Amino acid sequence: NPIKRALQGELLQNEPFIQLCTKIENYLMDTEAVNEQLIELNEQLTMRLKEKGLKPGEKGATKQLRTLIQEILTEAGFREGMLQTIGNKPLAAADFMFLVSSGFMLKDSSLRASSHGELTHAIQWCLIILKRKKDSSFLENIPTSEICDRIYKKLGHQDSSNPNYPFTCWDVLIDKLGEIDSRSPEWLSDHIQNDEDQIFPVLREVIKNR
């Protein structure tokens, strides 16, 4: 559990928390497993667009994906409504982490501007939540509605930012630039937009379309 390198204080001694993070890390490194939830997300989106008489190129498609993402997040205990700043300015890290600790999901650019994606962190969390809904053992059978409180919020606590290690627990799980798997949002964003096995064409086109 190299995750422990990023931890101090109470979180460092919190074995269930460490186990939950370890499971997430092991899942996101597993592209075979991640694809299964991306397929599911693609299928739910496809269902959604069709029901409303929408095409993936349509404007409303971008809206439909966002509302789908929010519904999944809400089910997991996140605040209802993804935040950004007016004008898409980044927040200072302390303010960003305060909002994380409070249960809010934000646009990727609210922490760091990226040319690769906009809602990639939101999507990472949706994949984690969908995995747990499929397989309860993934998150040690915690209730789905407690994912935000038991995991996400703690990523904004200072106990998950051990200053002896260059990476925070947030970094190690979902912001690990340079990795060739979904721990890196750059990698996940490119993975989706490429869709090389043609297994999420609807999710792919909608994400390109914004």
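The rules behind the values
- Within each chain the numbering goes from 1 in written sequence order, not necessarily matching the entry, and residues lacking coordinates are not shown.
- Only hydrogens and water are removed before side-chain values are computed, so all heavy atoms of the structure are retained for them.
- Residues with missing side-chain atoms are left out of burial classes, side-chain pairs and their counts.
- For the purposes of this entry, the term helix denotes a DSSP run of H or I that reaches at least four residues, the term strand denotes a run of E that reaches at least two, and both are numbered from the N terminus.
- Here a residue-residue contact requires only that any non-hydrogen atoms of the pair lie within 4.5 Å.
- UniProt positions are given in the numbering used here, feature names are shortened, and annotations may be inferred rather than shown by experiment.
- For every residue, the accessible area obtained with a 1.4 Å probe (protein chains only) is divided by the maximum for its type, and the residue is called buried under 20%, exposed over 50%, and partly exposed between those limits.
- The directions considered for the arc are those from the helix axis to the C-beta atoms.

What the entry reports as its method is X-ray crystallography, with 1.72 Å given for the resolution.

A. Quick look at the overall build of the chain. Along the chain, the regular secondary structure elements total 10 helices and zero strands. When the elements of the chain are put in sequence order from the N terminus, they spell out α-α-α-α-α-α-α-α-α-α. Projecting the C-alpha coordinates of the chain onto the three principal axes gives extents of approximately 50 × 40 × 30 Å. Look at the contacts in the chain between residues 6 or more apart in sequence, and 62% of them connect residues 24 or more apart.

B. A look at the UniProt feature "domain: DUF5636" (unreviewed entry) in the chain. Here, the residues flagged by UniProt with the feature "domain: DUF5636" (unreviewed entry) are residues 14-207. Split by type, residues 14-207 is 53% helix and 0% strand. Its first and last C-alpha atoms lie 37 Å apart.

C. Representation of helix α10 (residues 201-208). What α10 keeps buried is the set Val202, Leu203 and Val206. Projected onto a plane normal to the axis of α10, the buried residues spread over an arc of 100° and lie on a single side. Packing partners of the buried residues in α10 comprise α3 (31-51), α4 (59-75) and α9 (185-194).

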